[PDB]
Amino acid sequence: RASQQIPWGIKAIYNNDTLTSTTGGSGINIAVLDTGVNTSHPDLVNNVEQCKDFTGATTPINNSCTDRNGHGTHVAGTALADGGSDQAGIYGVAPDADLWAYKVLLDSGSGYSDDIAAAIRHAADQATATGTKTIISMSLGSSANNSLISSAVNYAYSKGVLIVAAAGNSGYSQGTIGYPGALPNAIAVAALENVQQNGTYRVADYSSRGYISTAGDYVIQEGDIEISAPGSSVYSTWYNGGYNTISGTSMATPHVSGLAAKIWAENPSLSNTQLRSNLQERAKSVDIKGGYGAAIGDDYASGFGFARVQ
């Protein structure tokens, strides 16, 4: 059923060109705030733990998270597909992690800021209620900074949740990074393509860029890109079965959320801040120098660099 069980981006983030399966993530929840998920997909069914809808007339709506788009299923599979109970499917970065499929986007792929905010806060409340470490993964954004979403992100961060979000797809001009990625308490993820330039992976032209003034210090301010990850031509799970290949910072984001879950599961005593520091150090050690604006060191195209397993 799967044309590639270990897609290029999974091999790249593992830093293993002969990888045969992925592993890790046990006990960590990845809350994928998106268009829903195909929770019966063979490669996801073993990890679906929560399924809630934030787009309806009351909120949350439990036991409802149907993907009619594909985007949310695809993102989930990159983060945590587990090969299926027959080992014949695709693998995501953290195949042992738990999926919280939170539908915050309508079937069109667009969503309302109040719904997104509500889901962020709910994921935090569920982390607190259950006593479990949780990563919010948001493959979504806007050029405008919405205060409902920003306040929700701060709330979640205060409760120990890690927030990972797409940089956006409005590149490559300076200052195109969107929100929530551009918030100080969210990890903004830039998209790599499977092309080398200047001896490194290349940032895709579409990936939104941060700002010159605050890039270079290896400290995240508002508007800074943080981590780069594979985003172009990513094979993953799709909503009505099967698989599909699509591109974007939406695809890069779950590579980072999945990596974060893998790392966190190896030491769940890390605070969200300490986990973020681990990721930042991984990234710094793999400096990205390809693509418009990319440079030696921390830069506004690729942030700190490309965080990898080893």
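Note that residue numbering follows the sequence shown and begins at 1.
- Of the two stretches examined, 296 to 304 and 14 to 22, the record assigns the greater average C-alpha temperature factor to 14 to 22.
- Higher mean CA temperature factor between 67 to 75 and 141 to 149: 141 to 149, per the PDB entry.
- Looking at 134, 237, 176, 128, the one whose CA carries the top B-factor in the deposited record is 176.
- Highest C-alpha temperature factor among 32, 270, 51, 251, as the PDB entry reports it: 270.
- Remark: residue 159 belongs to the highest third of its chain, ranked by C-alpha B-factor as recorded.
- Ranked by C-alpha B-factor against the other modelled residues of its chain, residue 244 falls in the middle third.
- Residue 204: CA B factor lies in the middle third for its chain, per the PDB record.
- Among the modelled residues of its chain, residue 214 has a C-alpha B-factor that falls in the highest third, as given in the PDB entry.
- Per-chain ranking of the deposited C-alpha B factor places residue 233 in the highest third.
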